[PDB]
Amino acid sequence: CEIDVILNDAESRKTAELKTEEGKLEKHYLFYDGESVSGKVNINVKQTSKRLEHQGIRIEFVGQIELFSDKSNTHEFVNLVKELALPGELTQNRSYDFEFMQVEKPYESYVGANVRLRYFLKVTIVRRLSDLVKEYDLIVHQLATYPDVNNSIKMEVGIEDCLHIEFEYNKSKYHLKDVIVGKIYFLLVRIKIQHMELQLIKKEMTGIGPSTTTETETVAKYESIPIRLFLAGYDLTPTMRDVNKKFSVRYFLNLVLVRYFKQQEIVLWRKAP
């Protein structure tokens, strides 16, 4: 059989992009917290010489956190069910309406290295030897507000009374297409520096205790000195703190001298239009 799911507002609803398990980019319909989710399910059952049975058909709206490479832990934080058909013969070509009204979606979608938070519609045809399942992915964004003003910040690195390097930058919070505008100042230099660079790093923490897995990724790096990091050019998502205590995503600037390093957190946020 063939299973198709179409939203009733497909023509008017915006899309966004998300990365697959393989690293590809895909377009999916974009939802916000509180929006209703409605559409049609079509199930086409090819005619066969043998009679086919099912023990129920349903559609679910699912929001869940999938933890680890082996997806050994799944945390379902929203689940809504509409039963579409009672047990019976699996036959013919049938469409079903569904509507989930004003759906709670508390967290933004996230496709990470060791975790993914995803929302989807799931159609299940219950069957004796294996259910038939089709998942229709959706994307949820969470918008933030923050004033459009500089709030300058400094970080410093080095060796007391030998090396004092300061990086001053314009904000502690940046939106995803913003620019980190800063300057390196050489306050005290009494030894020669082999190399120095500024890094933008992403830390993804997934699990707790024995479960803990921390992934650190250098998103960007940069060799009296102006520094500008154009965030639109990177695949950034908002800072996410202790999402149902299952994972965090945090961003830092890291100043590295050669080894001497200092890091400071910056908050990334998603701006509305």
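Position 1 is the first residue of the sequence, and the numbers go up from there.
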Revision key, fill the gap. All heavy atoms of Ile201 vs all of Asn254, minimum pair found to be CD1-CB, 4.3 Å
Point to revise | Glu60/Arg58 ion pair, N-O < 4.0 Å | key: yes
Review point. Are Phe68 and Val243 connected, step by step, through hydrophobic side chains (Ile, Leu, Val, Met, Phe, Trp, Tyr) whose heavy atoms are closer than 4.5 Å?
Key: yes
Exercise for review: Determine, stepwise, if the pair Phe77 / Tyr119 fulfils ring pair (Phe, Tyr, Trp, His ring centres under 6.0 Å).
Suggested key: CA-CA 10 Å; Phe77 57 89; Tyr119 300 84; 5.5 Å; yes
Check your understanding: At their closest point, which heavy atom of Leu176 faces which heavy atom of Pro238, and how far apart are they?
Key -> CD2-N, 3.8 Å
Review point. Hey, are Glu53 and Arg128 close enough for a salt bridge, meaning a charged N less than 4.0 Å from a carboxylate O?
Key: no
Point to revise | Atom CG of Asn150: over 12 foreign heavy atoms under 6.0 Å | key: yes
Review point. Okay, side chain of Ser36, backbone of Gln102: is any donor-acceptor separation there less than 3.5 Å?
Key: yes
Check your understanding: Are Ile180 and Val256 co-members of a hydrophobic cluster defined by side-chain heavy atoms under 4.5 Å apart?
Key -> no
**Study point:** Side-chain donor-acceptor pair present, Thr237, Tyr251, cut-off under 3.5 Å
**Key:** yes
Practice item. List the atom of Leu67, the atom of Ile65, and the distance in Å for their closest heavy-atom pair. Key: CD1-O, 3.4 Å
**Study point:** Neighbour count >12 (heavy atoms, 6.0 Å) for atom CZ, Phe261
**Key:** no
Check your understanding: Under a 4.5 Å cut-off applied to non-hydrogen side-chain atoms, are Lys122 and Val133 in contact?
Key -> yes
Review point. Can you check side-chain contact (heavy atoms from CB on, under 4.5 Å) on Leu138 and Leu7, steps first, answer last?
Key: CA-CA 11 Å; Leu138 306 162; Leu7 301 172; 4.3 Å; yes
Review point. Would you find more than 12 non-hydrogen atoms of other residues, nucleotides or ligands less than 6.0 Å from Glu104 atom CD?
Key: no
Point to revise | Taking every non-hydrogen atom, the tightest pair across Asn79 and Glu76 | key: ND2-OE2, 2.9 Å
Check your understanding: Only one of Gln47, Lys46, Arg127 clears side-chain contact (heavy atoms from CB on, under 4.5 Å) with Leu52; which?
Key -> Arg127
**Study point:** Greater than 12 external heavy atoms within 6.0 Å of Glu160's CD
**Key:** no
**Study point:** Pair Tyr169-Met155, side-chain contact (heavy atoms from CB on, under 4.5 Å): steps then yes or no
**Key:** CA-CA 9 Å; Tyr169 54 97; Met155 59 191 299; 4.1 Å; yes
Practice item. Could you walk me through whether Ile165 and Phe186 pass side-chain contact (heavy atoms from CB on, under 4.5 Å), step by step? Key: CA-CA 5 Å; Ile165 304 307; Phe186 295 100; 3.2 Å; yes
Check your understanding: Quick one: CG on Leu188 to CG on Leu163, what's the gap to the nearest 0.5 Å?
Key -> 7.0 Å
Exercise for review: Please say whether more than 12 non-hydrogen atoms of neighbouring residues, nucleotides or ligands are located less than 6.0 Å from NZ in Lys262.
Suggested key: no
**Study point:** Linked, directly or transitively: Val62 and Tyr110 (ILVMFWY side chains, under 4.5 Å)
**Key:** no
Exercise for review: Give a yes or no on this: more than 12 heavy atoms of other residues, nucleotides or ligands lie within 6.0 Å of atom CD1 of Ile193.
Suggested key: yes
Exercise for review: Decide yes or no for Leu198 and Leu255: does some side-chain heavy atom of the first lie under 4.5 Å from some side-chain heavy atom of the second?
Suggested key: yes
Review point. Are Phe247 and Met240 close enough, and set up right, to give a side-chain contact (heavy atoms from CB on, under 4.5 Å), and what steps lead you there?
Key: CA-CA 8 Å; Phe247 74 101; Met240 300 168 176; 4.0 Å; yes
**Study point:** Common cluster, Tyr234/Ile266, ILVMFWY with side-chain heavy-atom separation under 4.5 Å
**Key:** yes
**Study point:** Sidechain N-carboxylate O distance under 4.0 Å for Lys183, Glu168
**Key:** no
Revision key, fill the gap. In terms of heavy-atom contacts, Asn8 and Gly39 come closest through OD1-CA, 3.3 Å
Practice item. Examine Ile139 and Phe100 and state if one hydrophobic cluster contains both, with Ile, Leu, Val, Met, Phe, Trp and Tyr joined whenever side-chain heavy atoms are less than 4.5 Å apart. Key: no
Practice item. Determine, using ring centers only, whether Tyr96 and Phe98 are less than 6.0 Å apart. Key: no
Check your understanding: When you look at NZ of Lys19, are more than 12 heavy atoms from neighbouring residues, nucleotides or ligands closer to it than 6.0 Å?
Key -> no
Practice item. Side-chain contact test, heavy atoms from C-beta onward, threshold under 4.5 Å: evaluate it for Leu18 versus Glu26 and give yes or no. Key: no
Review point. Atom CG in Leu257, atom CD in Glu197: separation rounded to 0.5 Å?
Key: 10.5 Å
Check your understanding: Looking only at side chains, do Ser72 and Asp70 share a donor and an acceptor under 3.5 Å apart?
Key -> yes
**Study point:** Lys71, NZ atom: more than 12 neighbouring heavy atoms under 6.0 Å
**Key:** yes
**Study point:** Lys14 vs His141 side-chain heavy atoms within contact, under 4.5 Å
**Key:** no
Study note, to complete from the structure: On a heavy-atom basis, the closest approach of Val45 and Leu90 is CG1-O, 3.5 Å
Review point. In Å and rounded to the nearest 0.5 Å, what is the CD1 to CD distance from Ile43 to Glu2?
Key: 11.5 Å
